[PDB]
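Asks: One structure, as structure tokens, below. Some questions next.
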Amino acid sequence: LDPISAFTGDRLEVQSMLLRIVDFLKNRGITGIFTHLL
Amino acid sequence: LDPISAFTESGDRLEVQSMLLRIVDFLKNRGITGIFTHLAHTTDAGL
């Protein structure tokens with residue numbers, strides 16, 4: 001995901017969205033790379 | 001509690017402070033030790 005920063009911003013909304021993405025990927029056992037500029 | 005900072009990031013300023021106050025009050029009233037972890041990234045002094 002290059003970059004997660006572009007999603008801006010509403011603090012709670014961004015926090016929750018990134019949390020959901022990470023949660024789903026980890027429950028499916030997937031490696032995640034997240035570029036920034038939490 | 002690893003970490004309490006997550007609610008602070010979530011939002012609800014006064015409600016987060018009050019929730020942490022009540023957690024600490026209950027644990028100390030029950031004589032339970034309470035370790036609370038925090039991330040430094042301005043309202044870390046009041047804690």
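By order of appearance in the structure tokens: chains A, B, ..., then residues from 1 within every chain, and ligands from 1 in the order shown.
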Enumerate as a ChimeraX atom specification the residues belonging to chain B that approach chain A to within 8 Å, with only C-alpha atoms taken into account.
Replies: /B:9-11
Asks: Can you tell me which residues surround residue 35 in chain A at a distance of at most 9 Å, considering only C-alpha atoms, apart from same-chain residues fewer than 3 positions away, and format the answer as a PDB file with C-alpha atoms, in the first residue's frame?
Replies:
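Below is the file that was written, around-v2.pdb:
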ATOM      1  CA  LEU A   1       0.000   0.000   0.000  1.00  0.00           C
ATOM      2  CA  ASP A   2       1.890   3.022  -1.355  1.00  0.00           C
ATOM      3  CA  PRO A   3       1.096   5.331   0.458  1.00  0.00           C
ATOM      4  CA  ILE A   4      -1.361   5.037   3.346  1.00  0.00           C
ATOM      5  CA  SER A   5      -0.739   8.745   3.971  1.00  0.00           C
TER       6      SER A   5
END
Asks: Within 8 Å of residue 4 in chain B, counting only C-alpha atoms, which residues show up once you throw out same-chain ones fewer than 6 positions away? Write them as a ChimeraX atom specification, please.
Replies: /B:20,36-38
Asks: Kindly save the residues from that selection, with C-alpha atoms included, as an mmCIF file, in the first residue's frame.
Replies:
data_model
loop_
_atom_site.group_PDB
_atom_site.id
_atom_site.type_symbol
_atom_site.label_atom_id
_atom_site.label_comp_id
_atom_site.auth_asym_id
_atom_site.auth_seq_id
_atom_site.Cartn_x
_atom_site.Cartn_y
_atom_site.Cartn_z
ATOM 1 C CA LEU B 20 -8.912 5.799 32.296
ATOM 2 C CA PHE B 36 -0.438 1.031 31.604
ATOM 3 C CA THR B 37 1.693 1.496 28.487
ATOM 4 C CA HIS B 38 1.886 4.716 26.467
#
Asks: Per DSSP on the backbone, filter chain B down to the residues in helix (DSSP H, G or I) and report them as a list in words.
Replies: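 Filtering chain B down to helix (DSSP H, G or I) leaves residues 5, 6, 7, 8, 9, 10, 13, 14, 15, 16, 17, 18, 19, 20, 21, 22, 23, 24, 25, 26, 27, 28 and 29 of chain B.
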Asks: Would you pick out the contacts of residue 22 in chain A at 8 Å or less, using only C-alpha atoms, so that residues sharing its chain but fewer than 4 positions from it are not included, and give the list as a list in words?
Replies: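 Neighbouring residues, sequence-local ones excluded: residues 18, 26 and 32 of chain A.
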Asks: Mind pulling up the distance from CA of residue 23 in chain A to CA of residue 18 in chain B?
Replies: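 Pair CA of residue 18 in chain B / CA of residue 23 in chain A returns 27.8 Å.
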Asks: List the spatial neighbours of residue 40 in chain B as a PyMOL selection string - criterion: any atom at most 12 Å away, only C-alpha atoms, same-chain residues fewer than 4 positions off excluded.
Replies: (chain A and resi 38) or (chain B and resi 3-6+8-9+44-45+47)
Asks: For the selection just defined, write its residues with N, CA, C and O atoms to a file, as a PDB file, in the first residue's frame.
Replies:
ATOM      1  N   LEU A  38       0.430   5.412  14.980  1.00  0.00           N
ATOM      2  CA  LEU A  38       0.369   4.946  13.598  1.00  0.00           C
ATOM      3  C   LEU A  38       1.405   3.852  13.358  1.00  0.00           C
ATOM      4  O   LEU A  38       1.169   2.917  12.593  1.00  0.00           O
TER       5      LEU A  38
ATOM      6  N   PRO B   3      -1.802  -0.653  24.479  1.00  0.00           N
ATOM      7  CA  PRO B   3      -1.585   0.600  25.203  1.00  0.00           C
ATOM      8  C   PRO B   3      -2.856   1.431  25.337  1.00  0.00           C
ATOM      9  O   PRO B   3      -3.736   1.363  24.477  1.00  0.00           O
ATOM     10  N   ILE B   4      -2.942   2.217  26.413  1.00  0.00           N
ATOM     11  CA  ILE B   4      -4.066   3.126  26.595  1.00  0.00           C
ATOM     12  C   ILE B   4      -4.086   4.220  25.532  1.00  0.00           C
ATOM     13  O   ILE B   4      -5.135   4.830  25.293  1.00  0.00           O
ATOM     14  N   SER B   5      -2.949   4.479  24.880  1.00  0.00           N
ATOM     15  CA  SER B   5      -2.864   5.538  23.879  1.00  0.00           C
ATOM     16  C   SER B   5      -3.822   5.327  22.711  1.00  0.00           C
ATOM     17  O   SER B   5      -4.122   6.283  21.979  1.00  0.00           O
ATOM     18  N   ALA B   6      -4.304   4.098  22.518  1.00  0.00           N
ATOM     19  CA  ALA B   6      -5.152   3.811  21.368  1.00  0.00           C
ATOM     20  C   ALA B   6      -6.473   4.567  21.451  1.00  0.00           C
ATOM     21  O   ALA B   6      -6.957   5.096  20.443  1.00  0.00           O
ATOM     22  N   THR B   8      -6.949   7.409  23.053  1.00  0.00           N
ATOM     23  CA  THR B   8      -6.594   8.799  22.793  1.00  0.00           C
ATOM     24  C   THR B   8      -6.531   9.071  21.298  1.00  0.00           C
ATOM     25  O   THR B   8      -7.015  10.106  20.825  1.00  0.00           O
ATOM     26  N   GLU B   9      -5.935   8.152  20.535  1.00  0.00           N
ATOM     27  CA  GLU B   9      -5.930   8.319  19.084  1.00  0.00           C
ATOM     28  C   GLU B   9      -7.342   8.216  18.513  1.00  0.00           C
ATOM     29  O   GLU B   9      -7.687   8.928  17.563  1.00  0.00           O
ATOM     30  N   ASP B  44       0.328  13.970  27.274  1.00  0.00           N
ATOM     31  CA  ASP B  44       1.016  12.896  27.973  1.00  0.00           C
ATOM     32  C   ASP B  44       1.482  13.315  29.360  1.00  0.00           C
ATOM     33  O   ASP B  44       1.881  12.453  30.151  1.00  0.00           O
ATOM     34  N   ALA B  45       1.436  14.611  29.676  1.00  0.00           N
ATOM     35  CA  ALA B  45       1.829  15.080  30.999  1.00  0.00           C
ATOM     36  C   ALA B  45       0.726  14.847  32.025  1.00  0.00           C
ATOM     37  O   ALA B  45       1.004  14.408  33.147  1.00  0.00           O
ATOM     38  N   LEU B  47      -1.375  12.536  32.166  1.00  0.00           N
ATOM     39  CA  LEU B  47      -1.443  11.122  32.518  1.00  0.00           C
ATOM     40  C   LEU B  47      -0.553  10.799  33.711  1.00  0.00           C
ATOM     41  O   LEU B  47      -0.947  10.037  34.602  1.00  0.00           O
TER      42      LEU B  47
END
Asks: One number please: CA of residue 7 in chain A to CA of residue 36 in chain A, in Å, one decimal.
Replies: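 For CA of residue 7 in chain A relative to CA of residue 36 in chain A, the distance reads 10.6 Å.
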Asks: By how many Å are CA of residue 41 in chain B and CA of residue 20 in chain A apart?
Replies: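 According to the coordinates, CA of residue 41 in chain B and CA of residue 20 in chain A are separated by 22.0 Å.
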